[PDB]
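Participant: experimental coordinates follow, after the sequence.
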Amino acid sequence: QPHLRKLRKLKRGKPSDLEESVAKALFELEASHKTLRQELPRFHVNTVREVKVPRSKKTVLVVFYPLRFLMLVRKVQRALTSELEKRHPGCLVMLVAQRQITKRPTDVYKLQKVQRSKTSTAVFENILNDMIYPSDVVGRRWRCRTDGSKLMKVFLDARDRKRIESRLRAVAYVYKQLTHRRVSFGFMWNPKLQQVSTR
Amino acid sequence: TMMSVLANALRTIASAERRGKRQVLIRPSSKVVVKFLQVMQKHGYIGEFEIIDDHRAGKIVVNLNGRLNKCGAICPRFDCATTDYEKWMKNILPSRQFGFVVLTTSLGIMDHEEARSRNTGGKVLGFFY
Amino acid sequence: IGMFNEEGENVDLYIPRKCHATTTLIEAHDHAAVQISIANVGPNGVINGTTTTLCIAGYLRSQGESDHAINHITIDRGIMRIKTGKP
Amino acid sequence: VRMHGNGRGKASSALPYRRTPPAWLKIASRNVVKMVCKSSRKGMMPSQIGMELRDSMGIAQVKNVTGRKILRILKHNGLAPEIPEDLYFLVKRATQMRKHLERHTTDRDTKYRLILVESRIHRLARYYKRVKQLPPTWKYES
Amino acid sequence: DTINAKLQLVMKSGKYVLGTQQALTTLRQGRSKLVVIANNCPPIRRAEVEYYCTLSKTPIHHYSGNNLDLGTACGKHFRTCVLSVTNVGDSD
Amino acid sequence: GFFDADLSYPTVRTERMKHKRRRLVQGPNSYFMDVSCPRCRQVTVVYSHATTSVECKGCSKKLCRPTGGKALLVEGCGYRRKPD
RNA sequence: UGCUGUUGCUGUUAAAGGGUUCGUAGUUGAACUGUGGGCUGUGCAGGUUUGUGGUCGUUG
RNA sequence: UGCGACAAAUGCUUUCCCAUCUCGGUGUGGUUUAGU
Ligand SMILES: [Mg+2]
Ligand SMILES: [Mg+2]
Ligand SMILES: [Mg+2]
Ligand SMILES: [Mg+2]
Ligand SMILES: [Mg+2]
Ligand SMILES: [Mg+2]
């Protein structure tokens, strides 16, 4: 089927229900939508992963695409996620690029040769940027409580509050499911002066 | 030129504790500094501290309960065998009943009591009591 | 509290007071360390029989920072209000 | 400021925490690369190129747009200066002083500044030789 | 000096010729774009080159230094009395 | 008063007075303005602290003159501060 | 005899910072590649969910 | 020289050079359109 071109060639044989639904939506958007028409033909996805957010409505459709399409996705990501979301009622769509992590070597000579973009720190912060893309991180803190825990809080610009606050809980859970790392979110109305917003 | 980040951090905390401040800002931060702070926090000599990211050597804000009499770094990091723990306790600690010597062992950064229980030596980083 | 024997005796002569601002032990010779008792007030304006008492070390009263320290403590104790209410 | 003097100035630029180029900056990465490459071909050092883009095109950081530094872009196109930019400016400084000191032999202050400039060159050149941005057996000549 | 930067740029990327005879050869053809003359130049030679430049409508610059200074500003280890840039090489 | 300062979360009053490199997290003091030339009304993006001879493509009219700090826009010029 | 001081000295005035710079050997030298995850039992801390003398409109 | 199946950390279904010319989804109002 022509819509199966929006999947990696390995997945075209026996696509999943979520993958086929996303592929069909992408194929329709490549001609129906004005902005998406100029980018989607050169684009395809790897797989679609369903995430159930506890104590919340809807699910999260995590869509993995090759990292070579990062700039292509970032061009139309806000339009693309909005279109996929209206295609899938009761769902949230997150476009996450598939990134490879090289395990940290135990040798100082191998460590100097590690591609810094393949480190877990770089990959995890890039995945976080993927899931909140229209907004950007304006600050990052690590609260080290007396019991030994170290919780990371990420601050977003308070302007994007009306646009991302609903999905922040889903972003935090999907981030933990993908990176096995915890994240908390806050808002700064004056990121320059490090001024947090109360509400 | 700043030569030791850990010594700078421990000096700043000790000054704040002497003045009775509630919080102190540490700059620059490091992995060794955070590991040292977690050791002191584990034994209850400091409260919660927060690491602030600035895309450089970060900053740390440490909340201070007044339990820390003095903390300091030992430079250079002298090697310490498992038989040398008693020597260092005698030289730098106020008593055998309280106070800790912090070591850099191959098992990580830990206090001298923990390092002795793990039967591991290392390099002396500093002390607190 | 205090040093303890192996058997369980308290051993220590006495347990010195600690400053409620800087937690420093209040020695027997400073003579500038003060105890301030603040009367507890019931629902009516009249005061109860109980009081809240705070100890301030002598050196803090030498630096001139005892007023600031008492302000912070009184606020933490729920005795003093930081800001006026909304109009 | 600090090296070879008693100055303790702190004047500098503070790069922002947020590296994402602003939404109103519609210039593509390729067009910026053509701009820096054509500005270097116009004869501007990497620092002058950046100030030109910053003040006129609204490009605060070339790296935050193109992912590459200005000198890196010039190296890829082969436009990098043969002698590093700063070493060039110090050598030009020492040359201009020496020309001045030919006519004013009693200008002992400029002679003192000249020793500092050259003693600075012989550590910068040592660095570039150790880092192989300069040939071995590269020597500064008075 | 602006002329020093321009000359350095022409050495880097443009095309140039050194010496009075080669400068005159480029002037007789339609190839010269700018002629730089040292203040050391012998007056009759300078007058001849200036006359060629006037006939050829070629811009002429009087360098503030002598032939040694012009050679140094070209990155050369010899002295040049006349410089002729045939291709500005994006300079100006 | 009665509000003891928190080093991690400074008050906007104290933090606004900090030097750009003395803030909790350092950042720029500068910004970009889209400037309308007083001859053609063509919109040009001008750096607030511009120091190199900003010219409006077209009329080639000097939009700003460099100063010790912030640049001085030419008289009768329309500028608005751009976001971010 | 901490009056040779690595542990562990002193250098404004007691003996002792070089008049000032530069500078090889030598010594020293800024951050970063890095919280493993669920499951179960067991003892702790606080994001909200039914119920249960104060402020607050007039049950709130 | 072809041929089949995969990938790919950076889009060739590109780039450059010539030439012809109100509807859904979401939250209790923001979001990609599309009519003004
Ligand atoms: Mg020096
Ligand atoms: Mg003596
Ligand atoms: Mg004397
Ligand atoms: Mg002296
Ligand atoms: Mg070394
Ligand atoms: Mg180091």
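Facilitator: Perfect, I can see it now. Numbering: from 1, shown residues only, chains lettered A, B, ... in the order given. Ligands and ions are numbered 1, 2, ... in the order given.

Participant: and the residue of chain E closest to RNA strand H?
Facilitator: For chain E and RNA strand H, the shortest gap (Cβ to the nearest atom of the strand) falls at residue E:90, measuring 16.7 Å. Yep, even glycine has a C-beta here, placed from its N, CA and C like the rest.

Participant: kindly report the same for chain F.
Facilitator: Checked against RNA strand H (Cβ to the nearest atom of the strand), the nearest residue in chain F is residue F:83, 14.1 Å away.

Participant: can you pull the contacts of residue E:24?
Facilitator: Residues counted as contacts of residue E:24 (Cβ atoms under 8 Å, 6 or more residues apart in numbering or on different chains) are E:48-49, E:52.

Participant: residue closest to the middle of chain B?
Facilitator: By Cα atoms, centre = their mean, the mean C-alpha position of chain B lies nearest to residue B:36, the distance being 4.2 Å.

Participant: element containing that residue, please.
Facilitator: helix B:31-42 (DSSP states H and E).

Participant: after that helix comes which helix or strand?
Facilitator: Counting by DSSP H and E, what follows helix B:31-42 is strand B:49-52.

Participant: so which elements touch that next one?
Facilitator: Where contact means 3 or more Cβ pairs under 8 Å, 6 or more residues apart in numbering or on different chains; DSSP states H and E, strand B:49-52 is packed against strand A:137-144, helix B:31-42, strand B:59-63.

Participant: can I get those in TSV with distance to chain E?
Facilitator: Compiled in TSV, the helices and strands packed on strand B:49-52 are given as follows (distance: least, Cβ to the nearest Cβ, whole Å):
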stretch	distance to chain E
strand A:137-144	41
helix B:31-42	46
strand B:59-63	43
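
Participant: switch these over to JSON lines; also include distance to residue E:28.
Facilitator: As requested, the helices and strands packed on strand B:49-52 are exported to JSON lines (distance: least, Cβ to Cβ, whole Å):
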{"stretch": "strand A:137-144", "distance to residue E:28": "67"}
{"stretch": "helix B:31-42", "distance to residue E:28": "72"}
{"stretch": "strand B:59-63", "distance to residue E:28": "71"}
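
Participant: chain E: helices as residue ranges?
Facilitator: E:2-12, E:20-28, E:43-56, E:67-73 (DSSP state H).

Participant: what do you get for chain A?
Facilitator: So, for chain A - with DSSP H - the helices run A:17-32, A:70-87, A:108-111, A:120-131, A:161-164, A:168-179.

Participant: chain F: helices as residue ranges?
Facilitator: Listed in chain order (using DSSP H), the helices of chain F are F:12-16.

Participant: for residue A:5, which non-adjacent residue is closest in space?
Facilitator: Using Cβ to Cβ, 6 or more residues apart in numbering or on different chains and skipping residues adjacent in sequence, the residue nearest residue A:5 is residue A:44, 6.6 Å away.

Participant: so the one you found makes contact with residue A:68?
Facilitator: No - with contacts defined as Cβ atoms under 8 Å, residue A:44 does not count as touching residue A:68, sitting 10.6 Å away.

Participant: hmm, back to that, just want the angle from the helix holding residue B:36 to strand A:137-144.
Facilitator: With axes from the mean of the first three to the mean of the last three Cα atoms, to 10 degrees applied, the angle from helix B:31-42 to strand A:137-144 works out at 50 degrees.

Participant: is there proximity between helix B:31-42 and RNA strand G?
Facilitator: Yes - with Cβ under 7 Å from any atom of the strand as the threshold, helix B:31-42 lies in contact with RNA strand G, specifically through B:31-32.

Participant: for the longest strand along chain E, buried residues please.
Facilitator: Ordering each strand of chain E by length in residues (DSSP state E) puts strand E:82-87 first. Of the residues in strand E:82-87, those buried by neighbour count under the rule 16 or more other Cβ atoms under 10 Å in any protein chain shown are E:82-86.

Participant: stretch C:15-29 now?
Facilitator: C:19-22, C:24, C:26.

Participant: list the contacts for residue A:119?
Facilitator: For residue A:119, the set of contacting residues under the criterion of Cβ under 8 Å, 6+ apart consists of A:101-102, A:104.

Participant: will you turn the residues you listed into TSV that also has neighbour count and distance to chain C?
Facilitator: Written out in TSV, the entries for the contacts of residue A:119 read as follows (neighbours: other Cβ atoms under 10 Å in any protein chain shown; distance: Cβ to the nearest Cβ, whole Å):
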residue	neighbour count	distance to chain C
A:101	14	46
A:102	14	48
A:104	11	42
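
Participant: now these in a markdown table, with distance to chain E?
Facilitator: Formatted as a markdown table, these follow (distance: Cβ to the nearest Cβ, whole Å):
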| residue | distance to chain E |
| --- | --- |
| A:101 | 44 |
| A:102 | 41 |
| A:104 | 44 |
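
Participant: and the most centrally placed residue in chain C, what element?
Facilitator: Of all residues in chain C, the one closest to the mean position by Cα atoms, centre = their mean is residue C:54, 2.1 Å from it. Remark: residue C:54 resides in strand C:47-56, with elements defined by DSSP H and E.

Participant: still on that earlier bit, closest one to residue C:1 among the helices and strands packed on strand B:49-52?
Facilitator: helix B:31-42 (22.3 Å; Cβ to Cβ).

Participant: for the residue of chain E closest to RNA strand H, which non-adjacent residue is closest in space?
Facilitator: residue D:41 (4.3 Å).

Participant: so which residues on chain C come close to chain B?
Facilitator: By Cβ under 8 Å from any Cβ of the partner chain, the residues of chain C that approach chain B are C:21-24, C:60.

Participant: just flag the most distant two among those.
Facilitator: Across the residues of chain C next to chain B, the two lying at the largest distance from each other (Cβ to Cβ) are C:23 and C:60, at 11.2 Å.

Participant: how far out from the middle of the chain is the helix holding residue B:36?
Facilitator: Counting by Cα atoms, centre = their mean, to the nearest Å, helix B:31-42 is centred 6 Å from the centre of its parent chain.

Participant: list of residues touching that helix?
Facilitator: Outside of helix B:31-42, the residues that reach it under the criterion Cβ under 8 Å, 6+ apart are A:144, A:146, A:148, B:5-6, B:9-10, B:26, B:46-49, B:51, B:60, B:62, B:68, B:71, B:100, B:102, B:104, B:108-111, B:125-126, B:128.

Participant: how about that helix: buried residues?
Facilitator: Going through helix B:31-42 with 16+ other Cβ under 10 Å, the ones that come out buried are B:32-37, B:39-42.

Participant: for those residues, which one is nearest RNA strand H?
Facilitator: The shortest distance between RNA strand H and any of those, using Cβ to the nearest atom of the strand, involves residue B:34 and amounts to 25.5 Å.

Participant: picking that back up, nearest to residue A:153, of the helices of chain A?
Facilitator: Distances from residue A:153 to each of the helices of chain A were compared using Cβ to Cβ; the minimum, 10.7 Å, belongs to helix A:168-179.

Participant: tell me which stretches of chain B form helices.
Facilitator: Counting by DSSP H, one finds helices in chain B at the ranges B:5-19, B:31-42, B:85-92, B:112-117.

Participant: residue E:72 is nearest to which of the ones you listed?
Facilitator: With respect to residue E:72, and counting by Cβ to Cβ, the nearest of the helices of chain B is helix B:5-19 at 47.5 Å.

Participant: thinking again about what came up before, which of the buried residues of helix B:31-42 lies closest to residue D:13?
Facilitator: residue B:33 (27.1 Å).

Participant: against residue D:92, how distant is the closest one?
Facilitator: Using Cβ to Cβ, to the nearest Å, one obtains 43 Å as the distance from residue B:33 to residue D:92.

Participant: likewise residue C:58?
Facilitator: Per Cβ to Cβ, residue C:58 is found 66 Å from residue D:92.
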